[PDB]
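Text of run_2.txt, listed as compact mmCIF, C-alpha atoms and all ligand atoms:
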# COMPACT_ATOMS: atom_id res chain seq x y z
CA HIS A 1 -11.24 -20.62 -19.58
CA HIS A 2 -13.12 -19.94 -16.34
CA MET A 3 -16.83 -19.79 -15.54
CA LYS A 4 -16.76 -17.33 -12.61
CA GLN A 5 -16.47 -13.57 -12.51
CA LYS A 6 -13.04 -12.12 -13.20
CA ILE A 7 -11.08 -9.18 -11.83
CA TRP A 8 -7.87 -7.43 -12.92
CA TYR A 9 -5.55 -5.58 -10.53
CA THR A 10 -2.86 -3.09 -11.47
CA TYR A 11 0.63 -3.26 -9.97
CA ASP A 12 -0.22 -0.12 -7.99
CA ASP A 13 -3.50 -1.65 -6.74
CA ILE A 14 -1.48 -4.52 -5.30
CA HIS A 15 1.22 -2.25 -3.86
CA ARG A 16 -1.49 -0.35 -1.92
CA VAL A 17 -2.89 -3.61 -0.51
CA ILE A 18 0.62 -4.72 0.52
CA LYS A 19 1.11 -1.45 2.43
CA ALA A 20 -2.13 -2.12 4.31
CA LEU A 21 -1.12 -5.75 4.89
CA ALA A 22 2.17 -4.62 6.45
CA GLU A 23 0.16 -2.42 8.83
CA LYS A 24 -2.05 -5.36 9.84
CA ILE A 25 1.07 -7.40 10.60
CA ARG A 26 2.72 -4.60 12.59
CA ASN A 27 -0.43 -4.12 14.67
CA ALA A 28 -0.49 -7.79 15.75
CA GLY A 29 2.60 -7.29 17.90
CA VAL A 30 4.91 -10.05 16.63
CA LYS A 31 8.11 -8.68 15.08
CA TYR A 32 9.11 -10.97 12.24
CA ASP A 33 12.80 -11.48 11.54
CA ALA A 34 12.58 -12.74 7.95
CA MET A 35 10.12 -13.63 5.19
CA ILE A 36 9.93 -16.96 3.40
CA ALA A 37 8.43 -16.26 -0.02
CA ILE A 38 6.78 -19.15 -1.86
CA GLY A 39 7.73 -18.73 -5.51
CA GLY A 40 6.71 -18.01 -8.07
CA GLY A 41 3.55 -16.27 -6.89
CA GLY A 42 4.95 -14.99 -3.59
CA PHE A 43 8.06 -13.26 -4.96
CA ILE A 44 6.48 -9.95 -5.97
CA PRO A 45 4.24 -9.67 -2.84
CA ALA A 46 7.28 -10.45 -0.65
CA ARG A 47 9.53 -7.82 -2.23
CA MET A 48 6.71 -5.26 -2.03
CA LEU A 49 6.29 -6.22 1.63
CA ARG A 50 10.02 -5.68 2.22
CA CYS A 51 9.48 -1.98 1.49
CA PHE A 52 7.38 -1.80 4.66
CA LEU A 53 8.76 -4.59 6.88
CA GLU A 54 12.50 -4.30 6.06
CA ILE A 55 13.42 -7.92 6.78
CA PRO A 56 15.27 -10.33 4.44
CA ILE A 57 13.40 -12.55 1.98
CA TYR A 58 14.28 -16.24 1.93
CA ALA A 59 12.71 -18.37 -0.78
CA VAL A 60 11.13 -21.76 -1.39
CA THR A 61 9.26 -22.80 -4.51
CA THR A 62 6.52 -25.38 -4.97
CA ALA A 63 4.71 -26.64 -8.05
CA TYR A 64 1.97 -29.09 -8.90
CA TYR A 65 3.03 -32.30 -10.65
CA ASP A 66 1.12 -35.19 -12.21
CA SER A 67 1.02 -37.90 -9.52
CA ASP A 68 0.02 -41.49 -10.31
CA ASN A 69 -1.01 -43.26 -7.09
CA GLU A 70 -3.40 -46.21 -6.76
CA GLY A 71 -4.50 -46.20 -10.39
CA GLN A 72 -5.50 -42.52 -10.46
CA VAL A 73 -3.52 -39.55 -11.80
CA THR A 74 -4.05 -36.26 -9.95
CA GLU A 75 -1.97 -33.14 -9.41
CA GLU A 76 -0.03 -32.97 -6.14
CA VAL A 77 2.18 -30.25 -4.73
CA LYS A 78 5.94 -30.89 -4.53
CA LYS A 79 9.07 -28.97 -3.64
CA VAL A 80 11.00 -27.35 -6.48
CA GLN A 81 13.44 -25.47 -4.23
CA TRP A 82 13.62 -25.61 -0.44
CA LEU A 83 15.57 -24.18 2.50
CA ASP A 84 17.91 -27.14 3.09
CA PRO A 85 19.15 -26.71 5.78
CA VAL A 86 17.54 -23.68 7.38
CA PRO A 87 20.42 -21.23 8.02
CA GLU A 88 21.54 -20.94 11.62
CA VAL A 89 20.71 -17.21 11.73
CA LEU A 90 17.01 -18.16 11.54
CA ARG A 91 17.07 -20.65 14.43
CA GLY A 92 14.62 -19.57 17.10
CA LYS A 93 13.49 -16.59 15.01
CA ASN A 94 10.09 -15.44 13.76
CA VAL A 95 9.47 -16.12 10.06
CA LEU A 96 6.62 -14.83 7.87
CA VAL A 97 5.57 -17.08 4.98
CA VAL A 98 4.37 -14.97 2.02
CA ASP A 99 2.23 -15.97 -0.97
CA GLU A 100 -0.01 -14.16 -3.45
CA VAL A 101 -3.34 -16.05 -3.26
CA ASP A 102 -5.19 -18.21 -0.73
CA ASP A 103 -7.33 -20.31 -3.08
CA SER A 104 -7.42 -23.99 -2.02
CA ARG A 105 -4.82 -23.80 0.82
CA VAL A 106 -3.23 -27.02 -0.48
CA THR A 107 0.13 -25.33 -1.09
CA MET A 108 -0.14 -23.30 2.11
CA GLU A 109 -0.81 -26.38 4.25
CA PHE A 110 2.05 -28.27 2.60
CA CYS A 111 4.56 -25.48 3.18
CA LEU A 112 3.47 -24.69 6.74
CA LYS A 113 3.58 -28.36 7.75
CA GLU A 114 7.11 -28.61 6.36
CA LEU A 115 8.30 -25.41 8.05
CA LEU A 116 6.90 -26.49 11.43
CA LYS A 117 9.53 -29.26 11.36
CA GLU A 118 12.16 -26.55 11.86
CA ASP A 119 13.38 -24.69 14.94
CA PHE A 120 11.51 -21.42 14.51
CA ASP A 121 9.85 -19.44 17.28
CA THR A 122 6.76 -18.07 15.50
CA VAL A 123 5.74 -19.08 11.98
CA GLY A 124 3.14 -16.72 10.51
CA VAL A 125 1.58 -16.49 7.07
CA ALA A 126 0.69 -13.43 4.97
CA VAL A 127 -1.18 -13.64 1.66
CA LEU A 128 -2.05 -10.82 -0.71
CA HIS A 129 -5.53 -12.11 -1.64
CA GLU A 130 -7.79 -14.41 0.40
CA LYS A 131 -10.56 -15.99 -1.66
CA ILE A 132 -13.77 -16.76 0.24
CA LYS A 133 -14.48 -20.37 -0.77
CA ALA A 134 -14.20 -23.92 0.47
CA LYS A 135 -10.66 -24.99 1.33
CA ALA A 136 -9.05 -28.36 0.75
CA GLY A 137 -6.04 -27.42 2.87
CA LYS A 138 -5.99 -26.50 6.55
CA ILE A 139 -3.79 -23.99 8.37
CA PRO A 140 -2.01 -25.60 11.36
CA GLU A 141 -2.88 -24.46 14.86
CA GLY A 142 -1.06 -21.50 16.35
CA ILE A 143 0.03 -19.88 13.06
CA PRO A 144 -0.91 -16.18 12.80
CA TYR A 145 -2.67 -15.46 9.52
CA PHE A 146 -2.99 -12.19 7.60
CA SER A 147 -4.53 -11.42 4.24
CA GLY A 148 -4.29 -8.14 2.39
CA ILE A 149 -7.92 -8.19 1.25
CA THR A 150 -10.57 -10.86 1.07
CA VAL A 151 -12.01 -11.47 -2.40
CA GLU A 152 -15.02 -13.26 -3.80
CA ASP A 153 -14.41 -16.62 -5.47
CA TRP A 154 -13.38 -14.89 -8.69
CA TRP A 155 -10.47 -15.49 -11.02
CA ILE A 156 -7.81 -12.89 -10.26
CA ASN A 157 -5.73 -11.64 -13.19
CA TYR A 158 -2.32 -10.45 -11.94
CA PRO A 159 -0.36 -7.73 -13.75
CA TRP A 160 2.74 -9.95 -13.74
CA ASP A 161 0.86 -12.29 -16.11
CA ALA A 162 -0.08 -9.49 -18.57
CA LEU A 163 1.45 -9.88 -22.01
CA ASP A 164 -0.13 -6.46 -22.76
CA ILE A 165 0.00 -4.30 -19.62
CA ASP A 166 -2.05 -1.55 -21.30
CA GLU A 167 -4.91 -3.93 -22.03
CA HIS A 168 -4.54 -5.40 -18.54
CA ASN A 169 -4.86 -1.93 -17.00
CA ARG A 170 -7.89 -1.18 -19.17
CA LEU A 171 -9.65 -4.28 -17.82
CA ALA A 172 -8.68 -3.35 -14.24
CA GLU A 173 -10.23 0.12 -14.58
CA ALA A 174 -13.26 -1.31 -16.39
CA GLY A 175 -13.93 -3.39 -13.27
CA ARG A 176 -13.96 -0.57 -10.72
CA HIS B 1 21.56 11.25 0.04
CA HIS B 2 23.05 11.13 -3.46
CA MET B 3 24.84 13.76 -5.56
CA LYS B 4 23.92 12.53 -9.06
CA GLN B 5 20.75 12.91 -11.08
CA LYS B 6 17.82 10.74 -10.06
CA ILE B 7 15.09 8.91 -11.95
CA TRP B 8 11.86 7.20 -10.88
CA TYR B 9 10.25 4.32 -12.79
CA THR B 10 6.69 3.08 -12.43
CA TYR B 11 5.89 -0.62 -12.13
CA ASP B 12 4.45 -0.45 -15.65
CA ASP B 13 7.59 1.27 -16.99
CA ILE B 14 9.61 -1.68 -15.72
CA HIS B 15 7.13 -4.27 -17.01
CA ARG B 16 7.49 -2.79 -20.52
CA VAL B 17 11.29 -3.00 -20.32
CA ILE B 18 11.08 -6.62 -19.15
CA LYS B 19 8.91 -7.49 -22.17
CA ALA B 20 11.58 -5.99 -24.44
CA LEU B 21 14.33 -7.79 -22.50
CA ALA B 22 12.57 -11.12 -23.03
CA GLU B 23 12.55 -10.39 -26.77
CA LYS B 24 16.29 -9.67 -26.75
CA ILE B 25 16.90 -13.00 -25.01
CA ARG B 26 14.65 -14.93 -27.40
CA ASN B 27 16.42 -13.42 -30.41
CA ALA B 28 19.85 -14.62 -29.22
CA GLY B 29 18.92 -18.24 -29.93
CA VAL B 30 19.70 -19.92 -26.59
CA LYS B 31 16.60 -21.43 -24.97
CA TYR B 32 16.96 -21.10 -21.21
CA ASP B 33 15.50 -23.83 -19.01
CA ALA B 34 15.27 -21.90 -15.73
CA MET B 35 16.01 -18.54 -14.13
CA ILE B 36 18.13 -17.99 -11.03
CA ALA B 37 16.91 -14.76 -9.44
CA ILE B 38 19.29 -12.93 -7.11
CA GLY B 39 17.15 -11.62 -4.26
CA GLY B 40 16.03 -9.25 -3.14
CA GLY B 41 16.42 -7.01 -6.18
CA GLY B 42 16.03 -9.73 -8.80
CA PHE B 43 12.74 -11.22 -7.55
CA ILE B 44 10.34 -8.78 -9.21
CA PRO B 45 12.27 -8.62 -12.55
CA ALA B 46 12.42 -12.45 -12.60
CA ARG B 47 8.70 -12.95 -12.01
CA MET B 48 7.91 -10.30 -14.63
CA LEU B 49 10.26 -12.13 -16.99
CA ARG B 50 8.43 -15.41 -16.31
CA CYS B 51 5.36 -13.91 -18.00
CA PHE B 52 7.33 -13.89 -21.25
CA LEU B 53 9.86 -16.74 -20.86
CA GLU B 54 7.69 -19.29 -18.99
CA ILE B 55 10.52 -21.09 -17.18
CA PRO B 56 10.80 -21.74 -13.42
CA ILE B 57 12.49 -19.26 -11.08
CA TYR B 58 15.09 -20.62 -8.68
CA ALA B 59 16.49 -18.22 -6.09
CA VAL B 60 19.71 -17.20 -4.38
CA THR B 61 20.19 -14.14 -2.20
CA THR B 62 23.31 -12.11 -1.48
CA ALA B 63 23.95 -9.17 0.81
CA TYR B 64 26.82 -6.91 1.75
CA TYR B 65 28.32 -7.39 5.21
CA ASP B 66 30.91 -5.48 7.23
CA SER B 67 34.19 -7.36 6.68
CA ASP B 68 37.26 -6.75 8.86
CA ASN B 69 40.37 -7.99 7.04
CA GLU B 70 43.95 -6.74 7.50
CA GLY B 71 43.03 -3.85 9.78
CA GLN B 72 40.43 -2.34 7.44
CA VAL B 73 36.64 -2.69 7.55
CA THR B 74 34.89 -2.69 4.17
CA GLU B 75 31.64 -4.13 2.85
CA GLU B 76 31.90 -7.48 1.07
CA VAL B 77 29.26 -9.58 -0.64
CA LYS B 78 28.23 -12.87 0.99
CA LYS B 79 25.64 -15.57 0.46
CA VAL B 80 22.40 -15.30 2.42
CA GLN B 81 20.67 -18.19 0.64
CA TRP B 82 22.14 -20.44 -2.03
CA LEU B 83 21.25 -23.39 -4.26
CA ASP B 84 22.88 -26.16 -2.19
CA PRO B 85 23.00 -28.57 -3.96
CA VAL B 86 21.83 -27.59 -7.42
CA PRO B 87 18.83 -29.86 -8.15
CA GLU B 88 19.48 -32.70 -10.56
CA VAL B 89 16.83 -31.41 -13.00
CA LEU B 90 19.14 -28.45 -13.75
CA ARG B 91 22.25 -30.53 -14.51
CA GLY B 92 23.44 -29.80 -18.03
CA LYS B 93 20.70 -27.20 -18.53
CA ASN B 94 20.76 -23.53 -19.53
CA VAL B 95 20.17 -21.12 -16.63
CA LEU B 96 19.53 -17.36 -16.79
CA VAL B 97 20.73 -15.32 -13.81
CA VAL B 98 18.39 -12.34 -13.21
CA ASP B 99 19.00 -9.13 -11.25
CA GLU B 100 17.55 -5.62 -11.25
CA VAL B 101 20.61 -3.34 -11.62
CA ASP B 102 24.14 -3.60 -13.03
CA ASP B 103 25.89 -0.94 -10.94
CA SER B 104 29.34 -2.10 -9.74
CA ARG B 105 29.13 -5.75 -10.97
CA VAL B 106 30.58 -6.90 -7.64
CA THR B 107 27.51 -9.02 -6.83
CA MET B 108 27.19 -10.19 -10.43
CA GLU B 109 30.81 -11.36 -10.59
CA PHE B 110 30.48 -13.13 -7.23
CA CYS B 111 27.33 -15.00 -8.24
CA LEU B 112 28.52 -15.92 -11.74
CA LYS B 113 31.85 -17.22 -10.44
CA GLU B 114 30.00 -19.39 -7.93
CA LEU B 115 27.51 -20.72 -10.49
CA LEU B 116 30.28 -21.62 -12.94
CA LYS B 117 31.39 -24.22 -10.37
CA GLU B 118 28.22 -26.16 -11.23
CA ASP B 119 27.34 -28.51 -14.08
CA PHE B 120 25.31 -26.17 -16.26
CA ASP B 121 25.47 -25.98 -20.04
CA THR B 122 25.02 -22.24 -20.64
CA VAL B 123 24.94 -19.65 -17.86
CA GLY B 124 23.58 -16.30 -19.04
CA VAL B 125 22.76 -13.09 -17.21
CA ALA B 126 19.85 -10.68 -17.66
CA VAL B 127 19.57 -7.37 -15.79
CA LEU B 128 16.74 -4.86 -15.89
CA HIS B 129 18.96 -1.73 -15.82
CA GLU B 130 22.58 -1.42 -16.94
CA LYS B 131 24.30 1.70 -15.59
CA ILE B 132 27.04 3.14 -17.80
CA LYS B 133 29.91 3.63 -15.35
CA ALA B 134 33.17 2.09 -14.21
CA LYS B 135 32.83 -1.46 -12.92
CA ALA B 136 34.66 -3.06 -10.03
CA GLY B 137 33.40 -6.52 -10.98
CA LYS B 138 34.03 -8.41 -14.21
CA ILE B 139 31.71 -10.76 -16.10
CA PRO B 140 33.39 -14.14 -16.77
CA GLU B 141 34.18 -15.15 -20.33
CA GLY B 142 31.52 -16.92 -22.37
CA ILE B 143 28.49 -15.72 -20.39
CA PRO B 144 25.77 -14.15 -22.59
CA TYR B 145 24.69 -10.78 -21.21
CA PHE B 146 21.43 -8.89 -21.69
CA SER B 147 20.19 -5.65 -20.20
CA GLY B 148 16.71 -4.24 -20.53
CA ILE B 149 17.89 -0.67 -21.03
CA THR B 150 21.16 1.12 -20.44
CA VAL B 151 20.95 4.09 -18.07
CA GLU B 152 23.19 7.00 -17.19
CA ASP B 153 25.03 6.82 -13.87
CA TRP B 154 21.95 8.05 -12.04
CA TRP B 155 20.29 6.84 -8.87
CA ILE B 156 17.30 4.71 -9.84
CA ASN B 157 14.27 4.85 -7.55
CA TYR B 158 12.29 1.59 -7.84
CA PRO B 159 8.53 1.47 -7.24
CA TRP B 160 9.00 -1.46 -4.85
CA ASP B 161 10.83 0.96 -2.52
CA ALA B 162 8.02 3.56 -2.58
CA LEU B 163 6.36 4.13 0.78
CA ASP B 164 3.97 6.44 -1.14
CA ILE B 165 3.34 5.01 -4.61
CA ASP B 166 1.34 8.09 -5.65
CA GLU B 167 4.25 10.40 -4.89
CA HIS B 168 6.62 7.93 -6.54
CA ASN B 169 4.51 7.95 -9.71
CA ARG B 170 4.39 11.76 -9.66
CA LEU B 171 8.19 11.91 -9.64
CA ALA B 172 8.37 9.31 -12.44
CA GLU B 173 6.08 11.38 -14.68
CA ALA B 174 7.87 14.60 -13.70
CA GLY B 175 11.05 13.06 -15.14
CA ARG B 176 9.73 12.19 -18.60
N1 LIG A 201 -3.82 -15.96 -11.65
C1 LIG A 201 -4.42 -16.65 -10.68
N2 LIG A 201 -3.85 -17.75 -10.20
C2 LIG A 201 -4.58 -18.35 -9.24
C3 LIG A 201 -5.80 -17.95 -8.73
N3 LIG A 201 -6.23 -18.85 -7.76
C4 LIG A 201 -5.28 -19.75 -7.71
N4 LIG A 201 -4.25 -19.50 -8.58
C5 LIG A 201 -3.04 -20.30 -8.76
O1 LIG A 201 -3.34 -21.63 -8.39
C6 LIG A 201 -2.12 -22.28 -8.00
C7 LIG A 201 -2.39 -23.24 -6.87
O2 LIG A 201 -2.69 -22.47 -5.69
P1 LIG A 201 -3.05 -23.16 -4.27
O3 LIG A 201 -2.29 -24.41 -4.03
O4 LIG A 201 -4.54 -23.31 -4.22
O5 LIG A 201 -2.59 -22.01 -3.28
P2 LIG A 201 -2.86 -21.80 -1.73
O6 LIG A 201 -2.40 -22.93 -0.96
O7 LIG A 201 -2.00 -20.53 -1.42
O8 LIG A 201 -4.36 -21.46 -1.56
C8 LIG A 201 -1.13 -21.16 -7.66
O9 LIG A 201 -0.03 -21.22 -8.58
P3 LIG A 201 1.21 -22.19 -8.37
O10 LIG A 201 0.89 -23.57 -8.84
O11 LIG A 201 1.54 -22.08 -6.91
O12 LIG A 201 2.38 -21.53 -9.22
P4 LIG A 201 3.21 -20.17 -9.10
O13 LIG A 201 2.69 -19.28 -10.20
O14 LIG A 201 2.98 -19.66 -7.71
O15 LIG A 201 4.68 -20.57 -9.36
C9 LIG A 201 -1.92 -19.85 -7.83
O16 LIG A 201 -1.15 -18.79 -8.39
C10 LIG A 201 -6.40 -16.76 -9.26
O17 LIG A 201 -7.48 -16.26 -8.93
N5 LIG A 201 -5.63 -16.18 -10.24
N1 LIG A 202 17.55 1.67 -5.60
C1 LIG A 202 18.75 1.51 -6.18
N2 LIG A 202 19.58 0.58 -5.71
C2 LIG A 202 20.75 0.55 -6.38
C3 LIG A 202 21.15 1.34 -7.44
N3 LIG A 202 22.43 1.00 -7.83
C4 LIG A 202 22.78 0.03 -7.02
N4 LIG A 202 21.80 -0.28 -6.11
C5 LIG A 202 21.86 -1.32 -5.08
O1 LIG A 202 23.22 -1.51 -4.74
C6 LIG A 202 23.37 -2.84 -4.22
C7 LIG A 202 24.70 -3.41 -4.63
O2 LIG A 202 24.65 -3.68 -6.04
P1 LIG A 202 25.90 -4.29 -6.86
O3 LIG A 202 26.69 -5.26 -6.07
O4 LIG A 202 26.70 -3.12 -7.39
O5 LIG A 202 25.14 -5.00 -8.05
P2 LIG A 202 25.68 -5.59 -9.43
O6 LIG A 202 26.70 -6.59 -9.20
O7 LIG A 202 24.39 -6.24 -10.03
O8 LIG A 202 26.12 -4.40 -10.31
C8 LIG A 202 22.16 -3.64 -4.71
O9 LIG A 202 21.38 -4.04 -3.56
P3 LIG A 202 21.71 -5.34 -2.72
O10 LIG A 202 22.79 -5.07 -1.73
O11 LIG A 202 22.03 -6.40 -3.74
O12 LIG A 202 20.34 -5.72 -2.00
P4 LIG A 202 18.91 -6.22 -2.52
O13 LIG A 202 18.00 -5.03 -2.39
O14 LIG A 202 19.13 -6.70 -3.92
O15 LIG A 202 18.50 -7.35 -1.55
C9 LIG A 202 21.36 -2.67 -5.59
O16 LIG A 202 19.95 -2.80 -5.47
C10 LIG A 202 20.24 2.33 -7.93
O17 LIG A 202 20.42 3.12 -8.85
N5 LIG A 202 19.05 2.34 -7.23
MG MG A 203 2.51 -20.49 -5.92
MG MG A 204 15.18 -29.82 4.74
MG MG A 205 20.69 -7.44 -4.98
MG MG A 206 26.87 -25.30 -2.99
So that I can check it, write out the structure of this file as structure tokens.
Ligand SMILES: Nc1nc2c(ncn2[C@@H]2O[C@H](COP(=O)(O)OP(=O)(O)O)[C@@H](OP(=O)(O)OP(=O)(O)O)[C@H]2O)c(=O)[nH]1
Ligand SMILES: Nc1nc2c(ncn2[C@@H]2O[C@H](COP(=O)(O)OP(=O)(O)O)[C@@H](OP(=O)(O)OP(=O)(O)O)[C@H]2O)c(=O)[nH]1
Ligand SMILES: [Mg+2]
Ligand SMILES: [Mg+2]
Ligand SMILES: [Mg+2]
Ligand SMILES: [Mg+2]
Amino acid sequence: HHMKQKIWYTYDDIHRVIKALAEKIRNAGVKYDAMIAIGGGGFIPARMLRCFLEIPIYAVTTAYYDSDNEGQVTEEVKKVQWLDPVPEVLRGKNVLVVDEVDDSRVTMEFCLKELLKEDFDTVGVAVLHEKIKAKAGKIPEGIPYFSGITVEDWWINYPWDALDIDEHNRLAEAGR
Amino acid sequence: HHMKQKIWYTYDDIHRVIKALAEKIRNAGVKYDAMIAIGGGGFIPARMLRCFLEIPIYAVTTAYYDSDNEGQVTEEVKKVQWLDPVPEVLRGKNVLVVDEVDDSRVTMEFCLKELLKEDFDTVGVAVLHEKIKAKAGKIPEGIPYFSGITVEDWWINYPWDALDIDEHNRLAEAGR
């Protein structure tokens, strides 16, 4: 249950945004050598982006876990799978971190801080949807940032969460 | 350029097959604890499958490389990213390997042989499309196998390779 407005996007809607996102990246003048998709949400955006950028997709995954510190239980982000070690072919290369939604930036900050420990040239970040809202996380300095589209602070319903894709598509069209 | 018949599938076409594939898996009676997606082709099928199976997606990636052995250059499959080491939470668990197409089975055999070196309970494999054709690779004994649909030996055009998704969808409908 959510209390804000809601929006549904078709697979094709998202594919079209990814094509435009690839063009934004290409126009910034840094040629990326590989993507690092943050699963699970970044996997589909990253493989769609590969259609247009034609660079390999490496993968990490994060998740929130119940953390009990100082007499208070809150959710914190942790690694589920990581690039340990980073392969030698990526040393000194440009890598593009890919995720589906910029909501709180807590995962994004965690992953970017960890990847800046490595021997990359340029680390950039590309997200499908950028929500306009307050952010708990911060993007480190010097990291190029791209979003496919900016969105209101609405709950986004992704087609890859649709038990009934026909009903999902109906709600997507009923929102246009 | 290909010399066989060709088919185009929409994103929604594939989503519907994945829903049916999840039902085939559920009916076989083994509860899988995690997926291992083989990138890049397995990423989108695996995240679609997560909608219905609700288990985490781990990732490996393979690619073909030019291999020069005994005075003859052929393409061979190699690791690009692997699960090194397998996390302890997966020890003794059931893992479902996910890929998009069963064509030659050379990648599938390579990955399954490598994953059988680990301490899993059940290793199963799920593929979106199973092509009916001769196979160079072999599936090890005792590995449950599921395919979403079986297909003729045709070239499959995936929507995540469509530079123009509208033209892609036109060709998909023109094939029904
Ligand atoms: N459907 C949907 N999900 C939203 C929306 N806003 C945030 N989320 C989910 O919230 C989770 C936490 O995201 P954040 O930590 O805020 O991500 P950020 O750094 O990229 O801004 C993400 O899942 P996660 O914990 O990273 O899991 P996974 O699904 O990526 O594996 C993301 O998918 C929204 O509008 N719609
Ligand atoms: N579009 C399309 N591709 C096909 C088709 N048949 C085979 N392929 C591609 O051939 C490559 C080699 O596949 P195999 O090694 O035969 O796969 P298998 O073991 O699962 O049968 C795969 O890409 P890869 O080298 O594994 O790369 P990636 O794209 O998965 O990263 C796969 O996507 C088809 O009908 N259509
Ligand atoms: Mg995520
Ligand atoms: Mg490390
Ligand atoms: Mg593959
Ligand atoms: Mg190993």
Residue list as number ranges by chain for point (19.2, -16.6, 2.7), cut-off 12 Å, all atoms listed in the file: A: 34-37, 55-60, 82-90; B: 38-40, 59-63, 78-84
Pick from B:103, B:13, B:109, B:76 nearest to chain A, counting all atoms listed in the file: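 Among B:103, B:13, B:109, B:76, it is B:13 that comes nearest to chain A.
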Once you count all atoms listed in the file, what closest atom pair and distance in Å to one decimal does each residue of chain A within 6 Å of chain B have, with rows by chain and rising residue number, as a Markdown table?
| residue | atom | partner | partner_atom | distance |
| --- | --- | --- | --- | --- |
| A:43 | CA | B:43 | CA | 5.7 |
| A:44 | CA | B:44 | CA | 5.2 |
| A:48 | CA | B:160 | CA | 5.3 |
| A:51 | CA | B:161 | CA | 5.2 |
| A:160 | CA | B:48 | CA | 5.3 |
| A:161 | CA | B:51 | CA | 5.1 |
Closest of A:99, A:167, A:141, A:68 to ligand MG 203 (chain A) - atom-to-atom distances counting only C-alpha atoms and all ligand atoms: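 With only C-alpha atoms and all ligand atoms as the atom set, the closest residue is A:99.
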Contact residues around residue 143 in chain B with only C-alpha atoms at 9 Å, ignoring same-chain residues under 6 positions, as a list in words: residues 112, 122, 123, 124 and 125 of chain B
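Going from CA of residue 101 in chain B over to CA of residue 21 in chain B, you cover 13.3 Å.
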Pairwise distance for atom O17 of ligand LIG 202 (chain A) and CA of residue 9 in chain A, rounded to one decimal in Å: 27.4 Å
Who sits within 9 Å of range 116-120 of chain A, all atoms listed in the file, same chain under 6 positions skipped, as a list in words: residues 86, 90, 91, 92, 93, 94, 95 and 140 of chain A
Length of the CA of residue 54 in chain B to CA of residue 149 in chain A vector [Å]: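 Result for CA of residue 54 in chain B versus CA of residue 149 in chain A: 27.9 Å, one decimal.
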Selected residue of minimal separation from ligand MG 204 (chain A) among A:115, A:33, A:20, A:26, counting all atoms listed in the file: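 Result for the nearest residue to ligand MG 204 (chain A): A:115.
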From B:23, B:69, B:133, B:157, residue lying nearest ligand LIG 202 (chain A) [all atoms listed in the file]: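 For ligand LIG 202 (chain A), the nearest of the candidates is B:157.
Across B:121, B:152, B:102, B:75, the tightest approach to ligand LIG 202 (chain A) is made by B:102 when counting all atoms listed in the file.
Using all atoms listed in the file, the nearest neighbour of ligand MG 206 (chain A) within the list B:126, B:98, B:53, B:111 is B:111.
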Within 9 Å of residue 175 in chain A, counting all atoms listed in the file, which residues qualify if same-chain residues fewer than 6 places away don't, as a PDB file with C-alpha atoms, in the coordinates of the input?
ATOM      1  CA  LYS A   6     -13.040 -12.120 -13.200  1.00  0.00           C
ATOM      2  CA  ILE A   7     -11.080  -9.180 -11.830  1.00  0.00           C
ATOM      3  CA  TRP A   8      -7.870  -7.430 -12.920  1.00  0.00           C
TER       4      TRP A   8
END
